[PDB]
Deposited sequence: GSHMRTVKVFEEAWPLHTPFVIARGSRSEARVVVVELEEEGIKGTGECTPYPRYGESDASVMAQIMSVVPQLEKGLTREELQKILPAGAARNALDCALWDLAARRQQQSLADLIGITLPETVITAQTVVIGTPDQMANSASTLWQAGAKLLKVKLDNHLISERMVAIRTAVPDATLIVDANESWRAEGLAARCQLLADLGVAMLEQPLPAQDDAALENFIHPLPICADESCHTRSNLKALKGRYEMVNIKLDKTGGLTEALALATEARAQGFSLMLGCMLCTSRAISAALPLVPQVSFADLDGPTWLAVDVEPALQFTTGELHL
């Protein structure tokens, strides 16, 4: 009635710098409230049963309701949390801000700093290789390093890295590759090296062992954390939750998750999937609430949208 809109849904596979496999697949949704366009992007999460086809179908399914004026509050009850709702929720926020000639940040009413520290990835390799990489990235300006680890050479790798960048803030993404057996001693080693945080060491569907020992360092939930709904399960297993719009299904849930998570004593982290600047921009409003920001997804793409956000080693310039 009072708000009629047009919806455009299209799929985009952006090439990556180096071998998603060779491309970041995203789904874009453009809304039009007469003259004003609202754009929302999302990245179907394979690990949660989504594909571009799967997510596009969910969006179409609600196109009719989007044209009669579906608000953000109404959208939360129609679609479940996931990439589809994320594109729509973000598209609606973009539209609601442009229709007031304001930046997403001002609409919400939060202040964005001029520079944001983003985690630089130190990929798996021999202790020596990981140490050299950490040193070079530290020299280039990265204050926060995200060390990727599997189940091998955990001690030497972390030792060689810390010795190389004694002043660097380090966080470890074990990415569900670690096991219950010996998990405590390992966390203890990360603590001996001043590791600020350990991320999702165990599989989301088998992380009970995290309640069997006093955590020597904060341990963050990633795959185990989607929406406020998991907060109960997480209590007693994790100190921090990694918030991602594709998992919360939009900025609206992300915001409520931040508030709700804090209230329960959880520390926050802001993550992202492989995406274009459009997705990072949509997440920025959360930056002032998180301990760590891992938003360099766009830098993994050969090219980005135009205009794009400015990224330098370890930094996001706003």
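Missing from the model, by position in the deposited sequence, is the single stretch 20-25.
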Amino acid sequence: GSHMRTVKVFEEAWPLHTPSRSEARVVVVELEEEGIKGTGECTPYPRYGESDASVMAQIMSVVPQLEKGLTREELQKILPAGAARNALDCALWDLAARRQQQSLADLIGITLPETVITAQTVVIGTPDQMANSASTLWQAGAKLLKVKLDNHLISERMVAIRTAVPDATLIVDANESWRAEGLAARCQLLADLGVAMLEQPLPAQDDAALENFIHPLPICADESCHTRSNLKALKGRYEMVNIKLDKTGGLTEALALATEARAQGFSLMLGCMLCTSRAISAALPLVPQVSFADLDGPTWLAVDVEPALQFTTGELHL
From here on, numbers count along this sequence of modelled residues.
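Higher mean CA B-factor, judged across 63-71 and 262-270 from the recorded values: 63-71. Per the PDB record, of the two stretches 105-113 and 144-152, 105-113 carries the greater mean B-factor over its C-alpha atoms. Take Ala174, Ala131, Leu183, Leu79 and read off each C-alpha B-factor from the entry; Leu79 has the highest. For the set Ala191, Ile219, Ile161, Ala96, the PDB entry assigns the largest Cα B-factor to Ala96.
Among the modelled residues of its chain, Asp296 has a C-alpha B-factor that falls in the lowest third, as given in the PDB entry.
In the deposited entry, the Cα temperature factor of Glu11 places it in the middle third of its chain's modelled residues. For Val290, the recorded CA B-factor ranks within the middle third of the chain. Only modelled residues enter the ranking. Residue-level temperature factors show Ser54 in the highest third of its chain, judged at the C-alpha atom. Looking at the C-alpha B-factors along this chain, the one for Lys244 belongs to the lowest third.
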